[PDB]
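> Structure for the following, please:
(4 chains)
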Amino acid sequence: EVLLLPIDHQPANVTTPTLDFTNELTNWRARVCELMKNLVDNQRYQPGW
Amino acid sequence: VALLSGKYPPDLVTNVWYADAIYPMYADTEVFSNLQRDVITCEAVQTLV
Amino acid sequence: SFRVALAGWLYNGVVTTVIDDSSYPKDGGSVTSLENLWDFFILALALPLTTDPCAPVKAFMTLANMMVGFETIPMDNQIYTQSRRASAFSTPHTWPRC
Amino acid sequence: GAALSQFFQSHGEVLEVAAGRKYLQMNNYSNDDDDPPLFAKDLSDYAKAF
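Numbering: from 1, shown residues only, chains lettered A, B, ... in the order given. I have put the structure below:
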């Protein structure tokens, strides 16, 4: 009786759901977007901008 | 794009939503009939050997 | 319905009067909805005239089914949830210790 | 009966609780060869003590 998931599961408290940002997929998207900010940051890697 | 875009119905309550949604697939009773097939599969392979 | 509710008090021992399933809130109901609030009001007024010995437990657990998600009672086992429909609670082995 | 699953949740006479952050990493930590090891106790979740 066990089921395996590749992502974390923390059960919801309330039953009228609404937004917050404290989950692993938003953490992952935030890390991807800040590293793409770091990649567009350097003038060495793309000087013609 | 399905990860970047997704929303709920505008004012929803989850226990009412799932208590409507899960009801016909438990009114179904197909799952009990497969166990007898599992019986006769195991009995058949044993009596074969 | 009112006159037969008055008549069933003489014949507690053979027939018992209960409230119909359709008078309960639909799909459990919730307190975020005005319709289920009025359903609970009508039901909680109508319950004390029936000769059903589990009518107070039905009166409590109709509200508990509406209230689940916001408040919490303790449950005795890990089988049944607070969000269990109040039609079922009509035999005294289902009365919760809370 | 207070519902808060960010920190603990009960399974019936067994409480689970997410321990975390024995150590804390600063900005100037750069995985240098004389840096003190932190033993993966600076992440979000390294274990779930029951």
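> Tell me how many other residues surround the residue nearest to residue C:73 when sequence neighbours are not counted.
Excluding the flanking residues, the one nearest residue C:73 by Cβ to Cβ, 6 or more residues apart in numbering or on different chains is residue C:98, at 4.5 Å. Every C-beta, even on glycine, is put in place using the N, C-alpha and C of the backbone. Applying other Cβ atoms under 10 Å in any protein chain shown, we find 11 other residues in the vicinity of residue C:98.
> Residue C:54 now?
19.
> cool, and residue C:73?
Using other Cβ under 10 Å, residue C:73 has 14 other residues around it.
> thinking again about what came up before, the residue nearest to residue C:73 touches residue C:71, doesn't it?
No. Contact criterion Cβ atoms under 8 Å: residue C:98 and residue C:71 do not qualify, at 11.5 Å.
> on that earlier part again, is the residue nearest to residue C:73 located within a strand, as I assumed?
No. Assessed with DSSP: H, G, I helix; E, B strand; the rest coil, residue C:98 is coil; it does not lie in a strand.
> and the residue nearest to residue C:88 when sequence neighbours are not counted, what is it in contact with?
Among residues not flanking residue C:88 along the chain, residue C:94 sits closest, at 6.6 Å (Cβ to Cβ, 6+ apart). Shown in contact with residue C:94 (Cβ atoms under 8 Å, 6 or more residues apart in numbering or on different chains): C:54, C:57, C:88.
> which residues sit against the helix or strand hosting the second one?
Spelled out, it's residue C:57. Residue C:57 belongs to helix C:55-67 when assigned by DSSP states H and E. Residues outside helix C:55-67 that contact it (Cβ under 8 Å, 6+ apart): C:19, C:24-25, C:28-31, C:36, C:40, C:43-44, C:47-48, C:52, C:73, C:82-86, C:89-90, C:94-96.
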